[PDB]
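Structure first, commentary second.
In what follows, every chain begins at residue 1, and chains take the letters A, B, ... in the order their sequences are listed. These values consider heavy atoms only, across backbone and side chains, with no hydrogens, waters or symmetry-generated copies.
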Amino acid sequence: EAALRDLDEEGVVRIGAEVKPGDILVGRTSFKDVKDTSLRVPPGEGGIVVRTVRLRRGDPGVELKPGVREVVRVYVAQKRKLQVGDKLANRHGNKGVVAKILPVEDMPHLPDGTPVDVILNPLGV
Amino acid sequence: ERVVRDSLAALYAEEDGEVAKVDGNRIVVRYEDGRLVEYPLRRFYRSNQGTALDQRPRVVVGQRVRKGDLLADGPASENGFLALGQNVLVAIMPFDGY
Amino acid sequence: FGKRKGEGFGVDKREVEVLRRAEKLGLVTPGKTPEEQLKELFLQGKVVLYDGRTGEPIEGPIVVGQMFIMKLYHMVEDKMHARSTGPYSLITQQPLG
Amino acid sequence: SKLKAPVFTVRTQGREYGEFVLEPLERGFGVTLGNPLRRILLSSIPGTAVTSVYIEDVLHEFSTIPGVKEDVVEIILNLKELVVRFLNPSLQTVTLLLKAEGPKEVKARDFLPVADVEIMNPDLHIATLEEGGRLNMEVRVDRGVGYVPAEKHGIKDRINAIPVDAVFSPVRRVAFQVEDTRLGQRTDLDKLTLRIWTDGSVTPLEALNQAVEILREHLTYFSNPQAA
Amino acid sequence: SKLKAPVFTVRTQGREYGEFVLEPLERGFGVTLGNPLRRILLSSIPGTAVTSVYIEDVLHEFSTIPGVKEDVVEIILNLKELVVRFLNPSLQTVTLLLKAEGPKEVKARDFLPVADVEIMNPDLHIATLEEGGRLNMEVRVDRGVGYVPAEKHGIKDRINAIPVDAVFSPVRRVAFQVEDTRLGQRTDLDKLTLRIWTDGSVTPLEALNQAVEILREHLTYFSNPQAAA
Amino acid sequence: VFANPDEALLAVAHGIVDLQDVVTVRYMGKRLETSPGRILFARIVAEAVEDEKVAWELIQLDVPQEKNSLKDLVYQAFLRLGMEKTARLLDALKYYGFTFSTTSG
Amino acid sequence: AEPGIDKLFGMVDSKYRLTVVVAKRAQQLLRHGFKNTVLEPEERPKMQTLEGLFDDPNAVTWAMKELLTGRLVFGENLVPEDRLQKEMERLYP
């Protein structure tokens, strides 16, 4: 039951649940007398489940391929902060990958105490 | 501003009028014609590339809006101007090989 | 600079050392007051900068200013990948791509 | 030719700005004293920060509230600027409660009073409510030091609580100025001036005292030589 | 949740070389401790140095002495490396007298003994006299801190005396390095290594202790605000 | 006129002279009209290769260190000492080059 | 660089022969559980973990150290392979 906490009574992860690699999003069983064929979060992905959409046979405007009873889609959101390895660029063709994130006290600062935010190498010019 | 306007990403007032209702998902405007017009806002929508495009209201209830005035900012927009990044304080100097 | 002068502060000793170095470098004209040389450096877009690790100034004036920078869609999060073993292709029986 | 103990002068503006002058000092000691104190002040001063937020009928950060102009992300961004002062040294965490109905401009002053807790910026704008909108919030504020991302601590009080990135440092800016001075016949002596801007939760004098204590405690560590 | 107290390790090579390791430390504290200690060690450790030299028949430092192979500059440079220890704290300045004549290898130990003074390197080479060469010199040695060029003090016992740069600092060199280290899950901690070369009159451990004490005494100055402007 | 490299570098640390000023230093039993920076570079090489005479033989003292001179130094160090000591020298050169490029201005 | 790599390169006429010798010695050490080593108990390669210093599990490092000591004989057609393995097993089960 630790692996089935976030699923609702219909086998779909609930809205607002946090999902990490290996967690189940939609439960599914297939005749093997049945076996696990559920949808899980791939490695390196996850976040907050924000939407679920279910399309069933007969629903107005739905055109499923023959043989498919229903389809379930899950929308999962991520808030990505800047990290080492991300790419930044200016409008003049200067692009580069973030290689180091320093604490404020290590940054060069103006005589009035204001630190700089970005240090660019002059050799690129 | 022309780039933001021509992409149809932001929302602009159709006619001279006054704003009646403001919400995170709705703007209702009362034009001088007397007709109430409700503009729904696209909120947290997945683009083809996985980025989230949402519109955020930039108007208050009771505010007077002229024709073409901004009502809601689109993605990568700040007061109707294209906003693709951030203005940061930079120093041009080597730093420990990093 | 009027901000600093209003609060009751003069020129720092480290600023004097940097001004001496820039005088040797040929960035400022000899015979001027420290404030005049500082203004000359500022008009060249350069300021005296201090090292946060030591507190000593950078030995020369450094170009500092506001820049517009954007984050690009190339994110290391979406690229980092590793595999020990996994699926294999039907015919060649070789790892998938 | 040893130097007399320097004079120490204190100037204060409100609870937010402080100037601390030490003079006269030997040549080179202005930087030697100012820089470690600046680094400690900017890095290691404990404070308070918003660590958790719960909103009624809100399931995650990526939603909107009917009758409220701002989305949850922008509300949390506004709440990250809240300055809370704990009047009690033993106090470790508080939960502030907010209940409002539109139309109004919900500010930080609309929080219900709590004992031994003060809000240093009651004018800080939180949200805008229109007719029909309501806001019921519970904000958990903790003591701590440094910058702790929400993904690190992961603090949730209820099922639908939203963890918030915590910036515990109360110090906003630290500068120091080394000026030339003299004493009788000696020349090229140092006069040090520390300028400290805080958020008002902790005064500059308190922050300076804590930084000095931290430096003294770290200097203590050089007292037990051991063989290699 | 504050981290455990760090471990301090010593590694001493005679009275001349020392390595000191402090680890683990909070992020950024490695340089925060290393830089002021380096500045104090290079600037503020009390010591002694040769401050003046008088040699007869010598008019300036760019002259030469018949009977001595080296010029005045070489003797002054050799005297710059003389290591002297004062035995009692009341003593401030000392004059050391050197009488030499005849073909000889003039070393440090040839100085006339003075009381409550000790030459730590008696084997140091001062000069070489040939046949018919003589050397009668008076070296004035004082106690101070840091490095003071000759033109700054310019002290002279008499008109023919030559001022000498005073290397008061007993510490010859200080280096320090900060390396990343981890403890448990935390991975942003610091390990600080300090290497100290002294001249032998003071051990590196003693110099480090004196620097730490100086820093503590300076930190004690932030207490009583006589002026309340 | 300095008795040894340590005195010259201590004078540099006190702001008496800069690394780019030409002074007189006594090193390896000789009186060299050179700068404290070049003496420091010589010491960097000597401490990297753990051999003072060979390092003195390898380096070109009377020129600024640029790409070609550094490449020649690396090749000569390889030939004279082996790849392990060459790797140590390369690491030391990298560290000190980065350190002095940061503060050069 | 690997310690003593210059000496190892000078000990052989071809660098690939050095690689082959190192790999075969590492296989021999792994097969017998490091009981056939020629290293004295204080020359053993160590590895530092939280609990304490233990033996280095990497057999290739052991093989290079042993080659450095000079107590190993290598060449072409020294001993028949089957007899070599049987004798090794006899000394070290």
Are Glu70(A) and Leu55(A) side-chain neighbours, meaning at least one heavy-atom pair lies under 4.5 Å? no

Does any donor atom in the side chain of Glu70(D) or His125(D) lie under 3.5 Å from an acceptor atom in the other side chain? yes

Does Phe34(G) offer a backbone N or O that forms a donor-acceptor pair with the side chain of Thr37(G) under 3.5 Å? no

Are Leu77(D) and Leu79(D) close enough that some pair of their side-chain heavy atoms sits under 4.5 Å apart? no

Kindly assign one of parallel, tilted or perpendicular to the pair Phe62(D) and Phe44(B), based on the angle between their ring planes and the thresholds 30° and 60°. perpendicular

Heavy-atom pair of closest approach, residues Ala26(G) and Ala59(G): O-CB, 3.7 Å

Answer yes when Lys65(G) and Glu2(G) have at least one side-chain N-carboxylate O distance shorter than 4.0 Å, and no when they do not. no

For salt bridge (charged side-chain N to carboxylate O under 4.0 Å, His left out), just list the numbers for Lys21(B) and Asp23(B), CA-CA rounded to whole Å, side-chain angles, deciding distance to a tenth of an Å, and then say yes or no. CA-CA 7 Å; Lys21(B) 292 185 278 280; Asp23(B) 222 0; over 6 Å; no

Verify the neighbour count for atom CZ of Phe54(G): are there more than 12 heavy atoms of other residues, nucleotides or ligands below 6.0 Å? yes

Identify the heavy atoms of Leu25(A) and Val19(A) that sit nearest to each other, and give their distance. CD2-CG1, 3.6 Å

State, yes or no, whether a side-chain contact exists between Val12(A) and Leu7(A) at a heavy-atom distance under 4.5 Å. no

Under the side chain to side chain contact (heavy atoms under 4.5 Å, CB included) rule, what do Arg40(A) and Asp23(A) come out as? Steps first, then yes or no, please. CA-CA 5 Å; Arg40(A) 302 177 175 102; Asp23(A) 294 353; over 6 Å; no

Checking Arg83(C) against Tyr88(C): charged group under 6.0 Å from the ring centre and within 45 degrees of the axis? yes

Pair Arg44(G) + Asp55(G), salt bridge at N-O below 4.0 Å: yes

NZ/NE/NH1/NH2 to OD/OE distance under 4.0 Å, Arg186(E) and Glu26(E): yes

CZ (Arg5(A)) with more than 12 external heavy atoms under 6.0 Å: no

Closest heavy-atom pair and its distance - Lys191(E), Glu23(E): CD-OE2, 3.2 Å

Close side-chain approach of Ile75(D) to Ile65(D), heavy-atom, < 4.5 Å: yes

Within-4.5 Å side-chain heavy-atom neighbours: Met137(D) and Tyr54(D): no

Give me the atom names and distance for the closest heavy-atom approach of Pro57(B) to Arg43(B). CD-NH2, 3.4 Å

Candidates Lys79(A), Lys81(A), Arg80(A) - the one meeting salt bridge (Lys or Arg N to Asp or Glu O under 4.0 Å) with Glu77(C): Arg80(A)

Ring of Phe168(D), cation from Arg143(D) - is the NZ or CZ under 6.0 Å from the centre and inside 45° of the axis? no

Around atom NZ of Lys104(D), are there more than 12 heavy atoms of other residues, nucleotides or ligands at under 6.0 Å? yes

Taking all atoms of both residues into account, what is the closest heavy-atom pair of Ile48(A) and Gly16(A), and its distance? CG2-O, 3.9 Å

Looking at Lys24(G), I'd like to know if its NZ atom is crowded, meaning that more than 12 non-hydrogen atoms belonging to other residues, nucleotides or ligands lie closer than 6.0 Å. no

Working to the nearest 0.5 Å, report the span between CD of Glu138(D) and CZ of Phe111(D). 10.5 Å

Evaluate whether atom NZ of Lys99(D) has more than 12 neighbouring non-hydrogen atoms of other residues, nucleotides or ligands under 6.0 angstrom away. no

If we only count heavy atoms from C-beta on, is the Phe68(C) to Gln86(B) side-chain gap below 4.5 Å? no

I want to check something: taking the side chain as every heavy atom from C-beta on, are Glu105(A) and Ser43(D) in contact at a cut-off of under 4.5 Å? yes

To the nearest 0.5 Å, how far apart are CD in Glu66(G) and CG in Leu39(G)? 4.5 Å

Is it true that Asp73(B) and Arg58(B) make a salt bridge, defined as a side-chain N closer than 4.0 Å to a carboxylate O? yes

Pair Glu10(A) + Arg54(A), salt bridge at N-O below 4.0 Å: yes

Would you kindly say whether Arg25(G) and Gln28(G) are connected by a side-chain donor-acceptor distance under 3.5 Å? yes

With rounding to the nearest 0.5 Å, note down the distance linking CZ in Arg28(A) to CG in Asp36(A). 9.5 Å

Check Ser38(A) against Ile24(A) and note the closest heavy-atom contact, atom names and distance. CB-CG2, 4.1 Å

Salt bridge check, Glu101(D) against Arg134(D): does any charged N sit closer than 4.0 Å to a carboxylate O? yes

For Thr64(D) and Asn25(B), does a side-chain donor sit closer than 3.5 Å to a side-chain acceptor? yes

Rounded at 0.5 Å granularity, tell me how far CG in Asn36(G) sits from CD in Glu89(G). 11.5 Å

In sequence, state the C-alpha distance, the side-chain angles, and the governing distance for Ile76(D) and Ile162(D), and then conclude on side chain to side chain contact (heavy atoms under 4.5 Å, CB included). CA-CA 9 Å; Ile76(D) 288 179; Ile162(D) 303 164; 3.6 Å; yes

Other residues, nucleotides, ligands: >12 heavy atoms within 6.0 Å of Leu53(G) CG: yes

What distance separates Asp54(B) CG from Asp71(D) CG, expressed to the nearest 0.5 Å? 7.0 Å

Check this for me, if you would: do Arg140(D) and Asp157(D) make a salt bridge, where the nitrogen-to-carboxylate-oxygen distance has to be below 4.0 angstrom? yes

Pairwise side-chain contact, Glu45(A) with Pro21(A), heavy-atom cut-off 4.5 Å (strictly under): no

Measuring from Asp96(B):CG to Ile119(A):CD1, what's the distance to the nearest 0.5 Å? 9.0 Å

Passes side chain to side chain contact (heavy atoms under 4.5 Å, CB included), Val71(A) versus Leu64(A)? Steps please. CA-CA 9 Å; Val71(A) 53; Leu64(A) 289 174; 3.8 Å; yes

